[PDB]
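The chain below stands alone, shown as structure tokens; this is the form deposited in one PDB entry.
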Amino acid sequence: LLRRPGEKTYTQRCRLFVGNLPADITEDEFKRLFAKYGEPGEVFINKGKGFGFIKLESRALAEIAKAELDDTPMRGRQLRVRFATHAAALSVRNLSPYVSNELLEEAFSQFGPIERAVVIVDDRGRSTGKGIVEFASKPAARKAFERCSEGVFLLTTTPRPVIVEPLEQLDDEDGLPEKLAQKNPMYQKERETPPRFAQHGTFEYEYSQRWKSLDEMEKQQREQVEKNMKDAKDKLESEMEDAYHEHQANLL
């Protein structure tokens, strides 16, 4: 806590979700659970449903608390500690490859207080044309979402409207454990045949080979649509440049 971790502290990236809390949990007890991770930020406890949230000062402190407190006992119950899913986050796409984390953040700060913006890069450190914008409040995210949908928001010279969408937040951490899968009645009949390579001549081999052929055809039709629409977007660009005499002087 001596030196600031950066520009913003106690952000939603610093928020932890804590599940399986005992029924008699108190705010003091919950705060004491996190006492070694510095001064607590906002605390929200759902005593009736056994869960709470806490904001720590930095992402590193939340990472340590999560690693140290996850799956530890509290009065006969194993606490479940996880990063709280971001409640005020947006997906952005159609970005120029020359938009940086800082340009995206500066650009989106006009909609309200911003925590972070990032341009998603591939293994080479090159822009994928997609990014993430994390706001300090849900209204700021709603306004960014509405305004960029209704208007044309441009970040650089080349006119590329930023396309703002809800951020897909899927669980690739816990997934579907065997404990829940077992609760299904058709599960027993499903696990009856072990993983295998289907063999030539069998119905399952023939069905699977035809299925794969349809999937390959679907991939080819999807890639074609992309190409077809890439050409319509290039033709639109050319017609509009001519309509607006983009390379030429003209009074009207």
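Here, rigid core means the biggest group of C-alpha atoms that superpose within 1.5 Å across both forms. The first residue of the shown sequence is 1; numbering continues from there.
Beyond what is shown, the protein has a form deposited in another entry; the following relates to that form.
Residue 78 shows a C-alpha shift of 2 Å or greater between the shown form and the other one [criterion: core-superposed Cα displacement of 2 Å]. Residue 48: CA moves 2 Å or more between the shown form and the other one after rigid-core fitting. Residue 67 shows a C-alpha shift of 2 Å or greater between the shown form and the other one [criterion: core-superposed Cα displacement of 2 Å]. Distance between the C-alpha atoms of residue 44 and residue 143: shorter by at least 3 Å in the other form than in the displayed form. Three angstroms is the minimum change: in the other form, the CA atoms of residue 142 and residue 44 sit closer than in this structure, by 3 Å or more.
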